Amino acid sequence: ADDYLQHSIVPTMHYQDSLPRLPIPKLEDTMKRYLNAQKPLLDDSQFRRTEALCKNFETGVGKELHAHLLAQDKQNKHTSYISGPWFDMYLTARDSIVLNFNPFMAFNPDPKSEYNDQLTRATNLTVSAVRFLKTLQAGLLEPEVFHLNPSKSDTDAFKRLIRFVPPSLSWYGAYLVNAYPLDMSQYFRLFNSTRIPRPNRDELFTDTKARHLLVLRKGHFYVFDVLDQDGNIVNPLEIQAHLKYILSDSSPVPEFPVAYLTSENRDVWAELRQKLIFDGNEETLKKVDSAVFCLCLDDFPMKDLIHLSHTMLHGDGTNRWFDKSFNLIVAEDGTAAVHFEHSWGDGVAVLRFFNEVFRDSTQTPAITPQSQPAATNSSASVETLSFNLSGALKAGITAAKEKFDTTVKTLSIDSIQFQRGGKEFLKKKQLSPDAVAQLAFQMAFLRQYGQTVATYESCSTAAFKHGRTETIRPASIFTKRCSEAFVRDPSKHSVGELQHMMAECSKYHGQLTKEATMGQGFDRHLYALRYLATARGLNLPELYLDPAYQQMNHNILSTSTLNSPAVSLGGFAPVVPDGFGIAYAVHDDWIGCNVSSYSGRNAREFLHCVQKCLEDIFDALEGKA
Ligand SMILES: CCCCCCCCCCCC
Ligand SMILES: CCCCCCCCCCCC
Ligand SMILES: CCCCCCCCCCCC
């Protein structure tokens, strides 16, 4: 009977005070792991040079920087050694946030066809989102926890007990039942938050007192309350009425859509924002910045999955406020997705938000397709924001548009649905499903371009206090050896030989996966040492000036998996001009991939090869040659 979509018996933040600290690897282990990852990428001569640099680093400056890093960590046990430096890196970056960083996740349709009406779904998705906001702020959202055995740890029985254990010892309680609570310090930024462009480093802004929603349609800005001053969610039928009002607006797109500015270089946008304020738009900008989130209503249907990906990843530049913590998008055909700003968090908060909202809006919708909009004066409740644009601002919007169109025109995206099998078949073959997907990417790249390249796979270290992410390096001596066998020398190898090579890839990949989740990767450690060197005003150590290091950090193959019943498709642009941005998901009986590329690479051809490699892998696993 309330506005909460969850009623946790355990306070949302119950485990935060007792989360284990993010460990720092021993310098000896990091150097060894760094070298292991370089083995498949460097030729003998390059490797020798790099190995020598590592030896020197470990005994010289590296040893010194590591000591300082440990000393610093001890003085800040309330956080992690990597969180601050990581935020600093992204807030300082001056590149456009569109494509370079902002990703998207698209919702599956409501199982009930009729409920996918734009007005209906925009209303239900919006109401569920505010219900999430209320639930989170009330501490009634179930604590984020990773269960190894849900049937024993994620039960009311355990909940009734841990609930009495003090926050200072709660983590241990879950630990005993093989449950791992996660960090939730970023979750508050899901709402009333935005990224503000500033001269050298951007700032993350949040106004927890704001109660209005920002809606974008045909480039126009609208705001209206979704939470009243009493703290209750505005009547769903009234919200429906205001959205119907917005959807009825016949005003044409503005000649100069202001939203384009959020896609600019950060220094350029920072200055243009200053002028916007100098020209009297501060009040308007404050309304935009503080809205609970941004709801975008596109006036067109999705033509194909490719069109959907483009629409949710970047759109046409006029109807998305890229700086907002997130943009909830709902197209004419009801297709919905969440486009979010990268810098404020690691996206776990967004996924949780995403799953809860999908569940709540499809299982307990606020309104139905037959619901009657409540009587109300929408023209009074809904304010159309206006921007006083000077000649310099219009020129600025024009330039932003040309820069946007120029970049977007080079982006290509496509997907595949491998339906011969998934987790079930692979697990029976006693192989890691994730390791197999990664092996396929390596094999496809070798077949398409004839080389082994720097590969990145995202992993979470959210099991630790202020944990963030760590890098899993799937390109190994094993995947290289295996790919060469499948691609170069087929036949010359027996099916048995191919099977054991894949087993070797899977085993090593599992090792790297566990180490990464435990903060035992080498990337964050090496980055933190470099960040500290720079902070100390010290010269960049030769280890980092090594071409091998730069190459290890030019991730041609960027990947991240996403597993969720609420997610239909997801994606992100490549992180380097000649790279691929690979979002994939291994399901029980099939495998899906959504791949992006710029002019330099061919996503469509790559996927063809990925399909081919997955078929070859499945054949070999079935005893076929
Ligand atoms: C101990 C490992 C916990 C991992 C928790 C799930 C992380 C999912 C990240 C999703 C990012 C979109
Ligand atoms: C949201 C999907 C992210 C996939 C992984 C991208 C990793 C890029 C790291 C770049 C470091 C310089
Ligand atoms: C059936 C709905 C569309 C599925 C398209 C294939 C999967 C694309 C990759 C998803 C990665 C999260």
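Numbers and lists here come from the model and the stated rules, or from a named source; no laboratory read-out is quoted. Ideal geometry is used to build each Cβ from the backbone, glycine not excepted, and the neighbour counts take in all protein chains shown.
The table that follows gives values for the structure above.
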quantity	calculated
Residue match in the range 543-555 (condition: within 16 Å of ligand 3 (Cβ to nearest atom), closer than 30 Å to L305 by Cα, surrounded by 13 or more Cβ atoms within 10 Å (Cβ to Cβ) and assigned by CATH to the domain that holds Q442)	no
Selection within the range 568-585 - outside the structural domain of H314 (by CATH) and near ligand 1 (Cβ under 10 Å from one of its atoms)	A583
Tally, over the range 476-497, of residues that are more than 22 Å from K32 (Cβ to Cβ), part of a helix (DSSP H, G or I) and not small (G, A, S)	6
Residues of the range 371-424 satisfying the condition of being within 21 Å of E283 (Cα to Cα) and basic (K, R)	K394
Residues located in the range 550-564, provided they are in contact (Cβ under 8 Å) with a residue 40 or more places away in the chain and not hydrophobic (A, V, I, L, M, F, W, C)	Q551, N553, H554, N555, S558, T559, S560, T561, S564
Every residue from the range 512-542 that is β-branched (V, I, T), surrounded by 15 or more Cβ atoms within 10 Å (Cβ to Cβ) and more than 13 Å from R473 (Cα to Cα)	none
The range 540-577, subset over 29 Å from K32 (Cβ atoms) and away from ligand 2 (no atom under 11 Å from the Cβ), residue farthest from the chain's Cα centre (by Cα)	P577
Filter result for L297 (among the hydrophobic types (A, V, I, L, M, F, W, C) and either in contact with a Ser or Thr (Cβ under 8 Å, 6 or more places away or on another chain) or within 16 Å of ligand 1 (Cβ to nearest atom) (or both))	no
Strands (runs of 3 or more DSSP E) lying entirely in the range 198-273 (those with 1 or more residues that are exposed (fewer than 15 other Cβ atoms within 10 Å of the Cβ))	203-206
Sole residue being crowded, with 21+ Cβ neighbours inside 10 Å and within 16 Å of ligand 1 (Cβ to nearest atom), chosen from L313, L351	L313
From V436, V357, residue being within 16 Å of ligand 3 (Cβ to nearest atom), surrounded by 21 or more Cβ atoms within 10 Å (Cβ to Cβ), part of a helix (DSSP H, G or I) and in contact (Cβ under 8 Å) with a residue 12 or more places away in the chain	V436
Some residue of the range 457-479 being more than 18 Å from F522 (Cβ to Cβ) and more than 16 Å from ligand 1 (Cβ to nearest atom)	no
So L411, is it surrounded by 21 or more Cβ atoms within 10 Å (Cβ to Cβ) and within 30 Å of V567 (Cα to Cα)	no
Number of the exception - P103 against (1) more than 30 Å from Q520 (Cα to Cα); (2) within 16 Å of ligand 3 (Cβ to nearest atom); (3) not basic (K, R)	(1)
Qualifying position, being in contact (Cβ under 8 Å) with a residue 40 or more places away in the chain, under 29 Å from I24 (Cβ atoms), out of contact with any strand residue (DSSP E or B) (no Cβ under 9 Å at 6 or more places or on another chain) and more than 16 Å from ligand 2 (Cβ to nearest atom), among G519, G510	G510
Filter result for the condition that a residue is on the phi > 0 side of the Ramachandran plot and either surrounded by fewer than 23 Cβ atoms within 10 Å (Cβ to Cβ) or of a type in the set (A, V, I, L, M, F, W, C) (or both), over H466, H500, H493	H466
Answer from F164, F158 - the residue that is of a type in the set (F, W, Y), assigned to a loop (DSSP other than H, G, I, E, B) and either in contact (Cβ under 8 Å) with a residue 60 or more places away in the chain or not assigned by CATH to the domain that holds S597 (or both)	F164
Among (1) free of Cβ contacts under 8 Å to residues at least 12 places away in the same chain; (2) assigned to a helix (DSSP H, G or I) - the single one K401 does not satisfy	(1)
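Here is a yes/no grid of residues against (1) surrounded by 18 or more Cβ atoms within 10 Å (Cβ to Cβ); (2) among the aliphatic types (A, V, I, L, M):
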| site | (1), (2) |
| --- | --- |
| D3 | no, no |
| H7 | no, no |
| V10 | yes, yes |
| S18 | yes, no |
| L27 | yes, yes |
| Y34 | yes, no |
| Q38 | yes, no |
| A52 | no, yes |
